[PDB]
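Number of protein chains: 4
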Amino acid sequence: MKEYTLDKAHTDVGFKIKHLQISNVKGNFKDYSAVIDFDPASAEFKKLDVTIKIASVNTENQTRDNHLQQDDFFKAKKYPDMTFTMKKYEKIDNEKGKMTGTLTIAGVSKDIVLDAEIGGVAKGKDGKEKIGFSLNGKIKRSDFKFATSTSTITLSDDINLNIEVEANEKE
Amino acid sequence: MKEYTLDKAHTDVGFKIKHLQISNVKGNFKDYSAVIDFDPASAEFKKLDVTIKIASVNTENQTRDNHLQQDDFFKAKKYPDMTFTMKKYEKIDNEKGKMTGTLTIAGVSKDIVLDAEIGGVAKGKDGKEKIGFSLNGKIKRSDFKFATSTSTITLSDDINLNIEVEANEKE
Amino acid sequence: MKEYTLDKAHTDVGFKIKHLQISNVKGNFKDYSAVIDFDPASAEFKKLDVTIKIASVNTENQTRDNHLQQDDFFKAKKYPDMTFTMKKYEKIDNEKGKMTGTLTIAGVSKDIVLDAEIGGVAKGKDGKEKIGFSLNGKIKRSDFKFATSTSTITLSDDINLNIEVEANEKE
Amino acid sequence: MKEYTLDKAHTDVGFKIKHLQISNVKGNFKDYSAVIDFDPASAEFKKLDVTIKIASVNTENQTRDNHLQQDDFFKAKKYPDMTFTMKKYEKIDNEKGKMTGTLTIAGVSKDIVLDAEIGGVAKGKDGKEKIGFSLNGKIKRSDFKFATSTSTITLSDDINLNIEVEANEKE
Numbered sequence: 021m022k023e024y025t026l027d028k029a030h031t032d033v034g035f036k037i038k039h040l041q042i043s044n045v046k047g048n049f050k051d052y053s054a055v056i057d058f059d060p061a062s063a064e065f066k067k068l069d070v071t072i073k074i075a076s077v078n079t080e081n082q083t084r085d086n087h088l089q090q091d092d093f094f095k096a097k098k099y100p101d102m103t104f105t106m107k108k109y110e111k112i113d114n115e116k117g118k119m120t121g122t123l124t125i126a127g128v129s130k131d132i133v134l135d136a137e138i139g140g141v142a143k144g145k146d147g148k149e150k151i152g153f154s155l156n157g158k159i160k161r162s163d164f165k166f167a168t169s170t171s172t173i174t175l176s177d178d179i180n181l182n183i184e185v186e187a188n189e190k191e
Numbered sequence: 021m022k023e024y025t026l027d028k029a030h031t032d033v034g035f036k037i038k039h040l041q042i043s044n045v046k047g048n049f050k051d052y053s054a055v056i057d058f059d060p061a062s063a064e065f066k067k068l069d070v071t072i073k074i075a076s077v078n079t080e081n082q083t084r085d086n087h088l089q090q091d092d093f094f095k096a097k098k099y100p101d102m103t104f105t106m107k108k109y110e111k112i113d114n115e116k117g118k119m120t121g122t123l124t125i126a127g128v129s130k131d132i133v134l135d136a137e138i139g140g141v142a143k144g145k146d147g148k149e150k151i152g153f154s155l156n157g158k159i160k161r162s163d164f165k166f167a168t169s170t171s172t173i174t175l176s177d178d179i180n181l182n183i184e185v186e187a188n189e190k191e
Numbered sequence: 021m022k023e024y025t026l027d028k029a030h031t032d033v034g035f036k037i038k039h040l041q042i043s044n045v046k047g048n049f050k051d052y053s054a055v056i057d058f059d060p061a062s063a064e065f066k067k068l069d070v071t072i073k074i075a076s077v078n079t080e081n082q083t084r085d086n087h088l089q090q091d092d093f094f095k096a097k098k099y100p101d102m103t104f105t106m107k108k109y110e111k112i113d114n115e116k117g118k119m120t121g122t123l124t125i126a127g128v129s130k131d132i133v134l135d136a137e138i139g140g141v142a143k144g145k146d147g148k149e150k151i152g153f154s155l156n157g158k159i160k161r162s163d164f165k166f167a168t169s170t171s172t173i174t175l176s177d178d179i180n181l182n183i184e185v186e187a188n189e190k191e
Numbered sequence: 021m022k023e024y025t026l027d028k029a030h031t032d033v034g035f036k037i038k039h040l041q042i043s044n045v046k047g048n049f050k051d052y053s054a055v056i057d058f059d060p061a062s063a064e065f066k067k068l069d070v071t072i073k074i075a076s077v078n079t080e081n082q083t084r085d086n087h088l089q090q091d092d093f094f095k096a097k098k099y100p101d102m103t104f105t106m107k108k109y110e111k112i113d114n115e116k117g118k119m120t121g122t123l124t125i126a127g128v129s130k131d132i133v134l135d136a137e138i139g140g141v142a143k144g145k146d147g148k149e150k151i152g153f154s155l156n157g158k159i160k161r162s163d164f165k166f167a168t169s170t171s172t173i174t175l176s177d178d179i180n181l182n183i184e185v186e187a188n189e190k191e
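Here's what the structure looks like:
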């Protein structure tokens with residue numbers, strides 16, 4: 021036999037251990053349209069109908085975005101857009117209200133509630149109206165049979181909607 | 021009432037969804053010592069005893085490294101080093117053998133098997149010996165009651181040892 | 021050499037694979053008290069203050085219940101009760117309202133909103149009042165620095181409150 | 021307004037929280053065949069070829085078993101059987117050896133090592149041979165592109181093989 025001394029410079033005393041990390045995917049959509057009717061005299065929404073081009077998703081990552089279009093997510097070939105249609109606005113006060121509407125994702129429809137929070141009602145520089153409001157609320161993937169193949173473990177059953185809107189009077 | 025048109029430039033149609041991601045933590049130790057007895061005539065290890073300074077862990081991230089020293093991981097104040105002591109080497113052939121030894125982590129001891137893979141036996145430039153070998157094997161956190169507070173979900177019960185050694189003859 | 025034939029009766033061609041499963045822990049509390057002021061003329065809550073004896077938790081499992089009392093959950097020795105104090109009731113209509121109050125868990129306090137849903141307002145057999153309502157809402161463990169040691173992976177950051185109340189007039 | 025007292029008997033102060041639980045799926049196969057050549061003089065395997073009817077899986081649960089046959093697992097319509105073919109047996113001693121072979125799952129093939137552990141070599145009541153051995157080892161789903169759709173989070177990349185064999189001499 022024979023004795024050796026490590027060469028610390030070309031020796032690695034190494035280990036690998038697997039762990040999980042929870043993180044939020046944040047995303048918007050670049051391309052959508054809305055029809056907004058609002059009465060600044062009473063701080064009530066009268067009609068709110070949004071259509072979102074699924075195609076235009078942006079989670080700040082190209083490969084995931086493309087993946088979102090596929091059969092196991094949006095199926096944008098078949099169902100190119102998601103729609104929201106307001107059915108009812110219940111004023112709480114001038115800053116706050118409960119908004120009820122029909123959300124349609126990949127052809128499945130469910131009535132959801134969003135929390136309307138009016139961040140500002142104004143008359144502009146030019147004497148024409150402005151508003152700034154937010155719509156917030158949790159929807160469940162399962163309620164829309166959305167991404168059924170993906171486990172509620174890997175990806176949460178809960179999506180959190182945060183629609184932040186600035187908007188000016190028409191014509 | 022009154023009609024508005026979104027200002028696309030100050031409107032975000034946004035969502036947040038939580039997901040899990042699996043990843044490997046890879047780490048070595050900067051500071052360790054070893055005693056290596058090997059017989060290049062028969063490709064057998066005769067004695068292999070390593071001591072690793074827990075303090076010197078490096079997972080390429082400072083905040084985790086410091087955290088590894090704490091009570092819920094290594095407890096480096098109380099147990100500053102981990103030790104491996106070979107008990108038995110069973111040659112398979114000149115490239116391969118089963119190494120049995122006692123691993124001690126934070127004062128708990130268990131007999132583990134590593135797979136010896138001899139990457140090269142040589143005589144150096146100067147006519148003095150060299151060897152290059154690896155030791156590989158899976159150990160279970162649970163077997164060493166290590167990081168008991170951390171769930172086997174978050175952090176895997178399995179640690180994978182990959183000890184890569186270059187070493188030269190002594191004196 | 022020699023040839024053999026399996027004894028199918030004492031042969032197991034076996035495998036073990038680890039998987040995760042998501043499930044809800046459901047629980048109530050056996051022991052709590054409440055003070056309830058309500059105006060059946062206007063369907064408004066006037067005062068609603070609840071105190072819950074942490075000790076009396078019941079998740080239909082004894083070992084978990086005991087565990088819930090410990091330092092890494094409720095710390096029932098130090099903080100024996102959780103309290104809810106209503107601060108504001110905003111009527112939506114006679115069936116629905118937004119309730120705002122202060123929740124206190126292990127000495128940490130946060131203002132939460134619950135969704136009041138009045139399931140029934142009545143005059144009893146005896147001509148004395150009754151009500152049946154529910155309070156629902158999501159609270160975040162993190163907002164109350166509750167069970168900080170447990171990862172948001174293993175146990176969800178979201179707790180869902182479902183307070184189902186039947187109640188009769190006093191004196 | 022008016023004051024009420026809870027009816028503790030029809031009041032639930034309730035909560036629901038989601039958590040993950042890790043567990044092992046254990047399974048065998050009811051229907052398989054093997055060809056076993058072994059030399060009790062030298063405790064060496066000479067030939068070991070197994071074929072397993074995927075159809076006959078049993079994880080003590082019918083709905084999962086059926087599911088295992090489907091496209092996202094075994095695809096038993098296309099690939100009805102899994103095969104193991106020994107390529108090399110390296111004796112360690114009479115109780116232990118390293119077995120190398122080709123595992124084929126759903127038409128994908130990889131060379132794996134199992135740890136042979138000979139639990140007993142005998143001559144029977146009738147003077148004809150017996151053996152009892154085990155084969156153990158970890159295989160990676162990813163190495164066989166098996167259940168590619170299922171995340172390594174939900175279901176572990178590691179399957180642990182435990183083949184427990186009793187067997188008697190032929191003819």
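Residue numbers (the deposited numbering), protein chains in the order written: chain A, 21 to 191; chain B, 21 to 191; chain C, 21 to 191; chain D, 21 to 191. Virtual Cβ for every residue (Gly too), placed ideally from N, Cα, C.
Specify the secondary structure class of residue i as computed by DSSP and reduced to three states.
i	result
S171 (chain C)	coil
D178 (chain D)	strand
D163 (chain D)	helix
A75 (chain B)	helix
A126 (chain B)	coil
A142 (chain D)	strand
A96 (chain A)	coil
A136 (chain B)	strand
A29 (chain B)	helix
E115 (chain D)	coil
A63 (chain B)	coil
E149 (chain A)	strand
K190 (chain A)	coil
Looking at residue i and the ligand GDP, is the gap between the Cβ and the nearest heavy atom below 6 Å?
i	result
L134 (chain D)	The ligand GDP is absent from the structure shown, which contains no ligands of any kind.
Can you tell me where the beta strand (DSSP E) holding residue i begins and where it ends?
i	result
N48 (chain C)	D32 to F49
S53 (chain C)	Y52 to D59
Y109 (chain D)	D101 to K111
residue 14 (chain D)	For residue 14 (chain D) there is no data in the structure shown, the boundaries of chain D being 21 and 191.
The alpha helix (DSSP H) spanning residue i covers which residue range?
i	result
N86 (chain C)	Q82 to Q89
Please classify residue i as buried or exposed, where buried requires at least 16 other C-beta atoms within 10 Å of its C-beta.
i	result
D177 (chain C)	buried
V128 (chain B)	exposed
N44 (chain C)	exposed
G117 (chain A)	buried
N48 (chain B)	buried
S171 (chain C)	buried
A167 (chain D)	buried
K38 (chain D)	buried
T174 (chain B)	buried
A61 (chain A)	exposed
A54 (chain C)	buried
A96 (chain A)	buried
Compare the Cα-Cα distances from residue i to each of the options and report the closest residue.
i	options	result
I151 (chain A)	A:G121, A:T105, A:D59 and A:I132	A:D59
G34 (chain C)	D:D92, D:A187, D:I179 and D:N188	D:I179
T124 (chain D)	D:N114, D:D101 and D:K145	D:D101
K66 (chain B)	B:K107, B:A29, B:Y99 and B:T83	B:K107
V141 (chain A)	A:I74, A:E186, A:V70 and A:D51	A:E186
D135 (chain D)	D:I183, D:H39 and D:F164	D:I183
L155 (chain C)	C:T120, C:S171, C:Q89 and C:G147	C:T120
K190 (chain D)	D:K98, D:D57 and D:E64	D:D57
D131 (chain D)	D:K148, D:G139 and D:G157	D:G157
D146 (chain B)	B:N188, B:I138 and B:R84	B:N188
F164 (chain A)	A:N114, A:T103 and A:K143	A:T103
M21 (chain B)	A:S53, A:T31, A:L68 and A:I42	A:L68
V77 (chain C)	C:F94, C:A63 and C:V133	C:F94
Compile a chain-ordered list of the residues in the stretch 42–54 of chain C whose CB is closer than 7 Å to at least one CB of chain D. Residues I42, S43, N44, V45, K46, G47, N48, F49, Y52 and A54.
Please identify, using Cβ separations under 9 Å, the residues of the stretch 25–40 of chain B that lie next to chain C, in order along the chain. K38 and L40
Name the residues in the stretch 144–177 of chain D whose C-beta lies less than 7 Å from a C-beta of chain A; which are they? Taking 7 Å as the Cβ-Cβ cut-off against chain A, the residues of the stretch 144–177 of chain D that qualify are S169, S171, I173 and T174.
Taking a Cβ distance cut-off of 8 Å, strictly less, list which residues of the stretch 90–111 of chain B are near chain D, in chain order. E110
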